[PDB]
There are 2 protein chains.
Amino acid sequence: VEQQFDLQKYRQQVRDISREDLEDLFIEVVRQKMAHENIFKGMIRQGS
Amino acid sequence: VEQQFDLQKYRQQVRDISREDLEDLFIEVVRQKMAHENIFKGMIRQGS
């Protein structure tokens with residue numbers, strides 16, 4: 001629910017943004033979800 | 001280290017990508033990240 005709401009406020013925004021301001025928000029994207037894999041790669045690490 | 005290559009690599013792809021076409025990978029993303037949000041969360045209420 002709330003998430004769906006969120007994504008929409010970000011495309012409610014993004015639309016208004018700019019080649020580089022989405023560039024960084026985008027570079028920042030993969031600059032996080034890789035952490036959202038290591039910090040998700042540790043949490044599955046406990047499969048022992 | 002490695003991911004830092006990853007990063008630099010994801011830059012090139014995006015410093016040529018056009019306006020809207022550099023937008024749809026920011027809408028799919030703030031969906032992305034959140035899917036993990038429920039996942040770390042998922043991961044932390046799985047640990048206790």
# chains A, B, ... in the order shown; residues from 1 in each chain; ligands from 1
call {"tool": "residues_around", "arguments": {"residues": "residue 20 (chain A)", "least_positions_apart": "3", "cutoff": "10 Å", "atoms": "only C-alpha atoms", "output": "JSON, numbers by chain"}}
result
{"A": [17, 23, 24, 25, 26, 27], "B": [14, 15, 19, 22]}
call {"tool": "select_by_dssp", "arguments": {"residues": "chain A", "states": "helix (DSSP H, G or I)", "output": "ChimeraX atom specification"}}
result
/A:2-14,19-33,35-38
call {"tool": "calpha_fit_and_write", "arguments": {"fixed": "chain B", "moving": "chain A", "output": "short mmCIF file (atom, residue, chain, number, x, y, z; two decimals) with C-alpha atoms, in the first residue's frame"}}
result
data_model
loop_
_atom_site.label_atom_id
_atom_site.label_comp_id
_atom_site.auth_asym_id
_atom_site.auth_seq_id
_atom_site.Cartn_x
_atom_site.Cartn_y
_atom_site.Cartn_z
CA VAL A 1 36.10 -3.79 -5.59
CA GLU A 2 33.93 -5.30 -8.34
CA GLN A 3 30.94 -3.22 -7.19
CA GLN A 4 32.90 0.03 -7.49
CA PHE A 5 33.77 -1.23 -11.00
CA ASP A 6 30.06 -1.77 -11.74
CA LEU A 7 28.72 1.62 -10.59
CA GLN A 8 31.33 3.15 -12.91
CA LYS A 9 30.08 1.19 -15.92
CA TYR A 10 26.62 2.53 -15.11
CA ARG A 11 27.91 6.10 -14.99
CA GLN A 12 30.08 5.06 -17.90
CA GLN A 13 26.64 4.43 -19.37
CA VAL A 14 24.08 6.67 -17.73
CA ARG A 15 25.86 9.74 -19.10
CA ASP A 16 24.66 8.47 -22.47
CA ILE A 17 21.04 7.96 -21.44
CA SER A 18 17.91 10.04 -21.70
CA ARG A 19 15.35 11.91 -19.63
CA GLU A 20 12.85 9.04 -19.71
CA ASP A 21 15.26 6.10 -20.07
CA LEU A 22 16.78 7.19 -16.74
CA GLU A 23 13.34 8.22 -15.57
CA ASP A 24 12.20 4.55 -15.76
CA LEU A 25 15.63 3.22 -14.72
CA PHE A 26 15.21 5.65 -11.85
CA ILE A 27 11.55 4.91 -11.15
CA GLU A 28 12.64 1.32 -11.36
CA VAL A 29 15.31 2.25 -8.80
CA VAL A 30 12.85 2.88 -5.94
CA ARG A 31 10.65 0.22 -7.48
CA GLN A 32 13.35 -2.20 -6.29
CA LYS A 33 15.08 -0.84 -3.16
CA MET A 34 11.67 -0.85 -1.45
CA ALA A 35 11.75 -4.55 -2.16
CA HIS A 36 15.33 -4.27 -0.96
CA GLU A 37 13.75 -3.12 2.27
CA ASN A 38 10.81 -5.56 2.52
CA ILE A 39 13.14 -8.46 1.61
CA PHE A 40 15.47 -6.77 4.10
CA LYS A 41 12.60 -6.24 6.56
CA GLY A 42 11.81 -9.94 6.63
CA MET A 43 15.42 -10.96 7.18
CA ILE A 44 15.52 -8.78 10.27
CA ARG A 45 12.08 -10.06 11.20
CA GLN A 46 13.82 -13.16 12.65
CA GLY A 47 14.98 -11.18 15.70
CA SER A 48 13.11 -13.58 17.98
#
call {"tool": "decode", "arguments": {"residues": "chain A", "atoms": "C-alpha atoms", "output": "PDB file, in the first residue's frame"}}
result
ATOM      1  CA  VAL A   1       0.000   0.000   0.000  1.00  0.00           C
ATOM      2  CA  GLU A   2       2.129   2.834   1.412  1.00  0.00           C
ATOM      3  CA  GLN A   3       5.067   1.790  -0.784  1.00  0.00           C
ATOM      4  CA  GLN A   4       2.963   2.010  -3.950  1.00  0.00           C
ATOM      5  CA  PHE A   5       2.019   5.493  -2.659  1.00  0.00           C
ATOM      6  CA  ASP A   6       5.714   6.370  -2.284  1.00  0.00           C
ATOM      7  CA  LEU A   7       6.950   5.264  -5.718  1.00  0.00           C
ATOM      8  CA  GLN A   8       4.198   7.475  -7.146  1.00  0.00           C
ATOM      9  CA  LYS A   9       5.415  10.535  -5.242  1.00  0.00           C
ATOM     10  CA  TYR A  10       8.837   9.855  -6.730  1.00  0.00           C
ATOM     11  CA  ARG A  11       7.411   9.677 -10.240  1.00  0.00           C
ATOM     12  CA  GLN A  12       5.178  12.500  -9.118  1.00  0.00           C
ATOM     13  CA  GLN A  13       8.580  14.101  -8.630  1.00  0.00           C
ATOM     14  CA  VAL A  14      11.103  12.559 -10.977  1.00  0.00           C
ATOM     15  CA  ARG A  15       9.148  13.850 -13.973  1.00  0.00           C
ATOM     16  CA  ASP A  16      10.273  17.267 -12.758  1.00  0.00           C
ATOM     17  CA  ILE A  17      13.946  16.372 -12.397  1.00  0.00           C
ATOM     18  CA  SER A  18      16.974  16.747 -14.606  1.00  0.00           C
ATOM     19  CA  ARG A  19      19.533  14.766 -16.583  1.00  0.00           C
ATOM     20  CA  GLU A  20      22.138  14.951 -13.811  1.00  0.00           C
ATOM     21  CA  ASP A  21      19.845  15.224 -10.778  1.00  0.00           C
ATOM     22  CA  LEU A  22      18.406  11.836 -11.802  1.00  0.00           C
ATOM     23  CA  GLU A  23      21.839  10.796 -12.966  1.00  0.00           C
ATOM     24  CA  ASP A  24      23.131  11.038  -9.351  1.00  0.00           C
ATOM     25  CA  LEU A  25      19.803   9.876  -7.879  1.00  0.00           C
ATOM     26  CA  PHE A  26      20.222   7.015 -10.322  1.00  0.00           C
ATOM     27  CA  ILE A  27      23.941   6.460  -9.729  1.00  0.00           C
ATOM     28  CA  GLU A  28      22.993   6.642  -6.098  1.00  0.00           C
ATOM     29  CA  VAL A  29      20.381   3.975  -6.913  1.00  0.00           C
ATOM     30  CA  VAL A  30      22.916   1.211  -7.644  1.00  0.00           C
ATOM     31  CA  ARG A  31      25.175   2.837  -5.078  1.00  0.00           C
ATOM     32  CA  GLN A  32      22.620   1.554  -2.542  1.00  0.00           C
ATOM     33  CA  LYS A  33      20.959  -1.644  -3.826  1.00  0.00           C
ATOM     34  CA  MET A  34      24.420  -3.223  -3.957  1.00  0.00           C
ATOM     35  CA  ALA A  35      24.477  -2.499  -0.256  1.00  0.00           C
ATOM     36  CA  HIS A  36      20.929  -3.841  -0.385  1.00  0.00           C
ATOM     37  CA  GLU A  37      22.582  -7.014  -1.595  1.00  0.00           C
ATOM     38  CA  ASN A  38      25.626  -7.144   0.716  1.00  0.00           C
ATOM     39  CA  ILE A  39      23.389  -6.309   3.716  1.00  0.00           C
ATOM     40  CA  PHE A  40      21.091  -8.891   2.123  1.00  0.00           C
ATOM     41  CA  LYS A  41      24.023 -11.242   1.484  1.00  0.00           C
ATOM     42  CA  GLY A  42      24.973 -11.277   5.142  1.00  0.00           C
ATOM     43  CA  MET A  43      21.431 -11.950   6.315  1.00  0.00           C
ATOM     44  CA  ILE A  44      21.354 -15.056   4.143  1.00  0.00           C
ATOM     45  CA  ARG A  45      24.879 -15.848   5.288  1.00  0.00           C
ATOM     46  CA  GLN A  46      23.323 -17.351   8.452  1.00  0.00           C
ATOM     47  CA  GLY A  47      22.199 -20.447   6.536  1.00  0.00           C
ATOM     48  CA  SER A  48      24.254 -22.656   8.852  1.00  0.00           C
TER      49      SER A  48
END
